[PDB]
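Here is the structure we will look at, set down as structure tokens.
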Ligand SMILES: CCCCCCCCCCCCCCCCC(=O)O[C@H](COC(=O)CCCCCCCC[C@@H](C)CCCCCCCC)CO[C@H]1O[C@H](C(=O)O)[C@@H](O)[C@H](O)[C@H]1O
Ligand SMILES: *[C@@H]1O[C@H](CO)[C@@H](O[C@@H]2O[C@H](CO)[C@@H](O)[C@H](O)[C@H]2NC(C)=O)[C@H](O)[C@H]1NC(C)=O
Ligand SMILES: *[C@@H]1O[C@H](CO)[C@@H](O)[C@H](O)[C@H]1NC(C)=O
Ligand SMILES: *[C@@H]1O[C@H](CO)[C@@H](O)[C@H](O)[C@H]1NC(C)=O
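Residue numbers (the deposited numbering), protein chains in the order written: chain D, 2 to 99; chain B, 5 to 245; chain C, 7 to 197, 202 to 280; chain A, 3 to 126, 129 to 146, 149 to 187.
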């Protein structure tokens with residue numbers, strides 16, 4: 002059993018009030034059954050698109066979730082992940098500065 | 005009902021004699037010839053020993069009924085027009101029936117010169133690995149070449165026994181050089197087996213070509229071997245590869 | 007030099023619940039997908055059929071449909087044979103495909119993993135356990151090897167079908183395989203030491219050079235992260251530098267890539 | 003023509019039920035049906051002076067007044083292939099044969115895979133093979151290249167009923183591709 006690694010990054014340089022794509026790369030997990038939510042100010046984003054699940058040379062699974070988002074001064078964007086290898090769901094926040 | 009010979013090669017002008025025999029003790033005996041777009045046409049017939057009646061196409065043929073059992077058809081001066089398949093049949097009036105009982109058939113070939121008679125050269129072409137991989141099947145190819153006249157019989161023999169399953173053969177032969185009056189012939193045949201069956205080295209494949217040429221009665225002056233009625237074969241052993 | 011990979015993801019939760027999913031890659035580009043909820047393999051590129059005819063592809067797809075149903079039912083039985091020794095949930099992953107080289111050279115493979123550990127391969131004309139595999143796998147292997155029909159199929163797909171297909175695919179999609187996407191960089195920082207970050211995104215292909223510079227001098231403190239993908243089959247890379255306060259002045263981030271044509275991106279820290 | 007046989011050629015699938023007809027220009031005393039095999043042998047199927055006759059998968063009827071005779075084939079097999087002759091007895095007790103009906107029983111080729119293969123010889129030329137095509141496939145001709155027509159399956163063949171054509175040439179090296187277009 003392997004615990005997932007979550008990485009949250011934007012596709013284009015983040016410009017407040019300009020449409021962008023937020024990406025959430027989830028890797029190094031096993032079994033493949035995972036649940037990924039993308040949240041804008043704690044609420045689940047509705048038309049979230051997800052890549053086809055694939056695996057690496059080490060046989061661990063990887064998947065990418067992405068959504069259209071518009072960064073602002075007021076809004077907070079996060080990626081929540083549930084996996085058997087974790088007792089409590091892990092949340093990673095998007096920090097434009099990271 | 006039997007016929008003798010079953011195949012005959014003659015020269016234009018030669019004296020040919022086709023015989024028929026029946027043991028059923030039938031009164032009537034008939035002589036027919038088969039050609040395309042004509043079916044079978046009656047040449048001569050007989051109602052008993054010592055009697056013979058002209059059929060529909062009797063010109064160029066004579067017939068003798070020496071006894072009840074035998075009825076003969078004679079071609080005193082043979083012509084290429086008489087190159088045909090001759091069928092003989094018997095009819096029994098004493099059994100209140102018009103039913104006739106036909107012989108196996110005799111093929112006759114009238115030629116200008118006997119020096120043009122050629123036996124066939126047989127070759128077996130092993131299946132392509134491309135077919136064996138793709139279809140998981142294997143076709144062998146028998147190819148009879150350079151024989152004259154056009155009639156030949158082709159059969160496949162796997163491990164000494166004749167096979168019919170997976171056999172496909174051409175209906176007629178093809179002229180090797182049609183721009184020639186004395187042109188030799190070619191005929192092919194296929195044998196399809198399961199890929200593994202061919203791939204087995206313990207399986208022996210052999211196609212057999214039965215040529216119908218000259219008799220020991222005919223005279224031969226050429227340096228080449230007499231192109232007599234013979235069997236010419238080509239063989240192949242299955243290979244793993 | 008390009009690698010073709012068919013990835014299978016089979017899951018068996020219990021005797022009445024199963025799920026199979028597959029993806030196909032040509033290098034770091036996806037050519038096909040096939041989820042459990044779909045009846046046929048889906049092309050993810052306009053060239054995904056390669057140089058195969060519609061009839062050649064129809065026959066190949068049909069053989070994969072039969073394989074998916076057979077695979078599920080065959081593994082569900084092997085468990086009935088293995089238990090109590092093996093129990094649900096069971097994860098099975100297949101990694102097939104052929105590596106491509108210049109000329110006519112090729113090397114095909116079919117690797118199988120049980121519960122994440124590589125246990126079996128298709129070698130020569132049969133399935134065989136690899137070193138380290140557990141002893142209970144000997145019996146299912148003999149059950150799988152009695153299927154001479156499948157061995158002939160896999161032998162045709164690995165030996166002939168895979169190199170032929172990929173060679174057609176590399177010609178059909180060379181415009182996509184040789185695409186050059188210009189990266190876009192930007193700088194940011196996190197907090202008496204700060205951490206400066208240089209984000210590099212949308213570049214294609216993978217080889218990129220990112221360094222924090224101070225003049226013509228490379229900063230050896232540059233920590234270059236992992237390659238993470240963007241949704242449009244382009245890459246994202248970030249390079250960080252840990253600096254003492256006030257020494258951020260004069261720092262720049264230089265980006266080198268094939269698509270820029272010897273004209274590096276140089277971003278100055280202000 | 004006193005014995006009119008139609009069609010001259012018939013081509014039916016395996017397991018199909020078909021029938022052959024024989025028409026007469028006058029009132030005939032009897033009828034006799036024959037099957038001529040691919041080996042040239044004539045074998046009597048039926049002899050009738052009246053009524054119907056059934057002999058397994060075959061049936062024959064003779065109507066003197068309606069000037070016809072029929073031959074029915076129930077569930078056609080390879081063994082049914084060959085020329086079917088119809089001969090009636092005319093005034094003057096003369097058996098008259100019709101031109102014939104050549105029969106060809108074809109298997110139902112389900113998944114056609116048209117292909118061309120090059121076969122190497124057993125001794126030390130080369131042959132091309134066009135196989136796994138359908139029934140609605142016509143084989144071409146043409149010049150120092152020889153191409154066979156669709157072959158005729160063995161009447162006793164019980165498996166591997168795949169029709170094919172063969173091509174060869176005097177020329178070497180011969181292009182296997184440019185042979186069947
Ligand atoms: C996708 C784009 C096209 C690219 C083409 C390149 C293809 C090359 C990639 C090759 C992909 C490999 C797929 C396999 C193909 C087989 C096939 O494609 O062959 C299949 C046979 O499937 C079966 O009946 C059996 C399936 C199960 C066998 C799988 C092995 C099980 C995995 C074990 C090892 C795990 C052991 C762990 C035990 C622990 C549990 C115990 C607790 C389907 O093929 C069948 O049907 C075809 C047809 O109808 O057209 C026929 O043509 C064919 O002859 C026949 O075998
Ligand atoms: C596919 O390629 C393999 C090679 O990886 C072939 O395997 C050899 O096959 C022969 C005959 O079956 C054996 O004697 C060898 O021992 C095999 N080699 C190995 C490494 O096991 C295989 O035959 C090929 N299959 C096809 C259908 O061509
Ligand atoms: C089988 O597995 C599914 C998914 O894990 C589960 O929801 C279902 O209740 C299971 N059924 C049984 C009978 O165990
Ligand atoms: C996968 O597809 C098969 C198709 O028959 C179905 O029976 C099975 O329930 C599917 N599983 C899931 C979880 O979608």
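The C-beta atom is built at its ideal place from N, Cα and C for all residues, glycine as well.
May I have the straight-line CA-CA distance separating residue 15 (chain B) from residue 162 (chain C), to the nearest angstrom? 59 Å
Name, please, each residue of chain D whose Cβ falls closer than 8 Å to the Cβ of residue 100 (chain C). In chain order: nothing, as chain D lies at least about 10 Å away.
3 or more residues per run - each beta strand (DSSP E) lying fully within the segment 16-82 of chain A: 20-26, 33-38, 44-50, 54-57, 60-65 and 70-75
Tell me whether residue 8 (chain C) counts as near ligand 1, meaning its Cβ is closer than 7 Å to at least one heavy atom of that ligand. no
List the residues of chain A whose Cβ lies closer than 8 Å to the Cβ of residue 175 (chain B), in chain order. 40, 155, 157 and 158
Can you list the residues of chain C that residue 137 (chain B) reaches, using a CB-CB cut of under 7 Å? 162 and 166
For the beta strand (DSSP E) that contains residue 92 (chain D), what are its first and last residues? 91-94
With distances taken Cα to Cα, identify the nearest neighbour of residue 29 (chain A) among A:6, A:38, A:44 and A:66. A:66
Of the residues that make up the segment 191-209 of chain B, which ones have a beta carbon closer than 7 Å to any beta carbon in chain C? none
Classify residue 166 (chain C) as helix, strand or coil using the three-state DSSP reduction. helix
Residue 185 (chain A) versus residue 177 (chain A): straight-line alpha-carbon distance, rounded: 13 Å
Quick one: which chain C residues come within Cβ less than 7 Å of residue 234 (chain B)? Within chain C, no residue comes near residue 234 (chain B); the closest Cβ sits about 42 Å away, beyond 7 Å.
Touch test, the segment 58-68 of chain B against the segment 63-75 of chain D, Cβ-Cβ under 8 Å, three pairs minimum: no
Which word fits residue 47 (chain C), buried or exposed, when buried means at least 16 other C-beta atoms lie within 10 angstroms of its C-beta? buried
Would you kindly work out how many angstroms separate the C-alpha atoms of residue 19 (chain B) and residue 9 (chain B), rounded to a whole number? 14 Å
State the DSSP-derived secondary structure class of residue 15 (chain C), mapped to helix, strand or coil. strand
Exposed unless 16 or more other CB atoms sit within 10 angstroms - verdict on residue 242 (chain B): buried
Could you check if residue 21 (chain C) belongs to the surroundings of ligand 4, using beta carbon to heavy atom distance under 7 Å? no
Contact residues within the segment 20-53 of chain D, judged by C-beta distance below 9 Å to chain C: 22, 24, 26, 28, 31, 32, 33, 34, 50, 52 and 53
So with Cβ pairs under 8 Å, would you call residue 168 (chain B) a contact of chain A? yes
Measuring CA to CA, which of D:90, D:4 and D:52 is closest to residue 79 (chain D)? D:90
Quick check on residue 101 (chain B): does DSSP put it in helix, strand or coil? coil
Run through the segment 109-158 of chain B for me and flag every whole beta strand (DSSP E) of 3 or more residues, listed as ranges in chain order. 110-115, 128-130 and 141-151
Does ligand 4 have even one heavy atom less than 7 Å from the beta-carbon of residue 43 (chain C)? yes
What residues match up with residue 78 (chain B) in a beta bridge as DSSP calls it? B:21 and B:66
Kindly provide the chain-ordered list of residues whose Cβ lies closer than 5 Å to any non-hydrogen atom of ligand 2. C:130, C:131, C:161 and C:165
Do the CB positions of residue 135 (chain C) and residue 147 (chain C) come within less than 8 Å of each other? yes
Note down, in chain order, each residue of its chain lying with its Cβ closer than 6 Å to the Cβ of residue 28 (chain D), except the 5 sequence neighbours on either side. 6 and 63
Select from the segment 110-135 of chain C all residues with a C-beta closer than 8 Å to any C-beta belonging to chain D, and list them in chain order. 119, 122, 123 and 124
Could you tell me the alpha carbon to alpha carbon distance between residue 52 (chain A) and residue 80 (chain A), rounded to whole angstroms? 30 Å
With 8 Å set as the bound, which would you pick, yes or no: does the beta-carbon of residue 14 (chain D) sit closer than that to a beta-carbon of chain C? yes
Cβ-based neighbour list, residue 84 (chain C), same chain, cut-off 7 Å, excluding 5 preceding and 5 following: 146 and 149
Contacts that residue 158 (chain C) makes with chain B (C-beta to C-beta distance below 8 Å): 140
Entirely enclosed alpha helix (DSSP H) segments - the segment 54-117 of chain C, minimum 4 residues: 60-88
May I ask you to list, following chain order, the residues of the segment 86-112 of chain A that have a beta carbon less than 8 Å from some beta carbon of chain B? 87, 89, 91, 95, 96, 97, 99, 100, 101 and 102
Whole beta strand (DSSP E) elements within the segment 148-220 of chain B, 3-residue minimum: 156-162, 165-167, 171-173, 189-198 and 208-215
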